[PDB]
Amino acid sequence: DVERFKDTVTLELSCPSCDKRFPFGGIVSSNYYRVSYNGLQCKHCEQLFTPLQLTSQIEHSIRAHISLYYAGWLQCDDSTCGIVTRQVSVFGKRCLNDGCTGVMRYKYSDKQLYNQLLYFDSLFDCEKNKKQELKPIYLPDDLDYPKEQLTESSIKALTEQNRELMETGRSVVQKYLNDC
């Protein structure tokens, strides 16, 4: 789970009122947002997301990823070549550079897509939120590293208070995970 999400990218949410953009890492610390007892709250303007305001963005990101995936970019193995192209030879694995012996692979592999969706799923997984098993959204030297750390007992409580929101966010990921 640790290594599985190492190359996934963050879910970026935008605030409906004030338009500030931020990564959403689950019920975890952040200088941008707070999961309060009545839902996801923007720290810059204090406005609460509604469920539809959150889930429409989850779904939009998912679909951006799925669309990139279907763009079908390919990349060559050979470090001295490396070309990226959407051209597919009738021998698929064969590189289109005259004489290059490298192997071609879909640059967004279906393993990567599946991992990206499983990461999104983890964000809205209550048991994982409570056990604090989610991947951090910030490295320690990041200028936006969170100033306040949440407590375990706050996370437990806040997670149960927001169960319904979480499960509904999670169902939107599952729409595409069972279809994969």
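In case it trips you up, residue 1 is the first one in the sequence shown, and so on.
Set 111-119 against 39-47 and average the Cα temperature factors; 39-47 ends up higher. When the C-alpha B-factors of 55-63 and 132-140 are averaged, 132-140 comes out higher.
Ranked against the other modelled residues of its chain, the C-alpha B-factor of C15 as given in the entry falls in the middle third. Sorting the modelled residues of the chain by their CA temperature factor places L150 in the highest third.
Ranked by C-alpha B-factor against the other modelled residues of its chain, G72 falls in the lowest third. Split the chain's modelled residues into thirds by C-alpha temperature factor. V172 is in the lowest one. Placement of the Cα temperature factor of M104 within the chain: middle third of the modelled residues, per the deposited record.
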